[PDB]
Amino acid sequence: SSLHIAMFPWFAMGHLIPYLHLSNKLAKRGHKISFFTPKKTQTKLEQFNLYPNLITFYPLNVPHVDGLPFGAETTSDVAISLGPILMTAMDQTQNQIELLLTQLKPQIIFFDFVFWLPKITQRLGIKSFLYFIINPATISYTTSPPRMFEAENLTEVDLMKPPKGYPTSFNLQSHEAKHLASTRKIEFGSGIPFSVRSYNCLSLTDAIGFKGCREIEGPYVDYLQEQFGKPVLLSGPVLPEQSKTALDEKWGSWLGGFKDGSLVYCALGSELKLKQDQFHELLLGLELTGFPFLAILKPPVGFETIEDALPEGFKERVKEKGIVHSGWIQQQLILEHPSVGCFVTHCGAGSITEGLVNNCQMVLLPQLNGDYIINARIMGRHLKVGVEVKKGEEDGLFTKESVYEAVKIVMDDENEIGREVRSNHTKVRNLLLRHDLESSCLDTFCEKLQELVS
C-alpha cells in the first residue's frame, strides 16, 4: 500500500534539492508526498516537481529572529555565520508544523535538525525519520556516542583519530581537527551546541536514514545502527532527476564553442564565500592551466562584485577562455555538457553525486566543513576518484601552484595518476548508474519504511 510521507528539510538548497529528487522517486512508486518548504522558495522548486498530483508543496513562513536578514529563507540568503539564527527560525516554525501534521496526518515525516519533532509526532502517532543527505561517515566521525560522552573534554588531538569502533581509516590535518573541535561547541539555533543538536536528533528519532548505497556508505550505516540501536536506512544514492527547465541558451551556446572535454568547471556550492587571497589563488591557478574555465563563485569576503575582486589584469589576459560568474546556474545540466573535462568541487555531498554520475575528472577543494573534508578524504583516498588540492597543515590555505598542479594532473591524458582516477571514477559511475542499483536500494528502503509504520 502507498504511504503518505511529509518532508521537512533544512532551509538550504543542498537539502531541498535531494529531498525533492527523492520525493520524485517515491511518488513514482505511488507514495503521496507533503513537501514543506519556505514560502518564497517554493517558486524555485516547482521545476523539480515531476509528479504534481502526488507531491504537494506546503509553504512555511520563516519567522523573524533578531539578526536574521529581512525576508531570508535559506542558507543561500545569509552569510554562513548567520546560519545559527536561521536555525532558530526553523525551530520557531513549530506552531505551523504542528498545525500541518494534525491536518495532513502523514504516516512518516522526514526531517533535518529539529530534535523537538519526535515528541510531537509520537503524540500524533506519526513516525519520525531523521533523513541525512550528508555522508554517514561524517555523522559517524563526529556525533557517535563515544564522541558525545567526552563532552567538553573532546580536543583537537581527540578528533585526529576516529571514535572507538569506526570502520575505516583516514587522516585529518591539524587545522581540520581544530575546526571540528571548536565548531562542534558553537550554538546552532536556540542555544543548542551544534553537535548536541544532531545527537539529540539521532537519540530521539524513531529511525534514521541516509542518502547512499551499501557499496559505499554501508560500513558507516552499519556502525551507526550498532551504536544507536535503531534502524539506519539507505535511500539509494539519490541520482539527480531531470528538470522541466532546459539548459539556459546563454550557457549552452558559450559552452558549445569549446572542444569536448577541454573546459574546467569550478563551483563551491551556494552558501560560502572565499576570502580574497584564496579567491585570487584559485582563479590564478585556473588561469595557469591554460584550459578554458567557468568558475561559479560568490565575490570574496569584503567585496560585492566579482569584477572588483579579480586579480589585476585578469579579465584582459583571460579574454574569452574564462568566465567568473556569481549567480545561480543549472549545475547539473552544465556537468552533463560534453565540453566539461574537469570539476573543481568544494565536495558538497550533492555536487559529489553530480560529478560521480558524469564523465568529468574530479579535483577536490573541500572547504572548512566536516562533511566536505570527510567527503574529500573518501573520494581522494578510499574511492580514489579525484585528486585533492594540497592545503597548509596548520593554516588551511592553498597556493595557485597547487590548484594548477591538481588540474594539470587529471587533465593530462598521459599522466598515470590522472588515468587511474579516471578509471576509478568510471568504476564508481558504472556502479551508481547500474540498472538495478538505485531501484533495489529503493525497494529495500520502502520495505523498511513499511515495517516502520506497521
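Just count from 1 along the sequence shown to find any residue number.
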Considering only other entries where residues before and after it are modelled, is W116 without coordinates in at least a third? yes
Look up the CA B-factors in the entry and say which stretch, 149-157 or 178-186, has the higher mean. 149-157
Stretch with higher mean Cα temperature factor, 321-329 vs 91-99, is 91-99
C-alpha B-factor winner, where the candidates are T74, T138, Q361, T121: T121
Sort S402, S34, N424, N61 by C-alpha B-factor from the entry and give me just the highest. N61
Where does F48 sit by CA temperature factor within its chain: lowest, middle or highest third? highest
Comparing against every modelled residue in the chain, figure out the third that the C-alpha B-factor of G392 lands in (lowest, middle or highest). lowest
With respect to C-alpha B-factor, does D112 fall in the lowest, middle or highest third of the chain as deposited? middle
Ranking every modelled residue in this chain by its Cα temperature factor as given in the entry, which third contains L54? middle
Within-chain third of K211 by Cα B-factor, per the entry: lowest
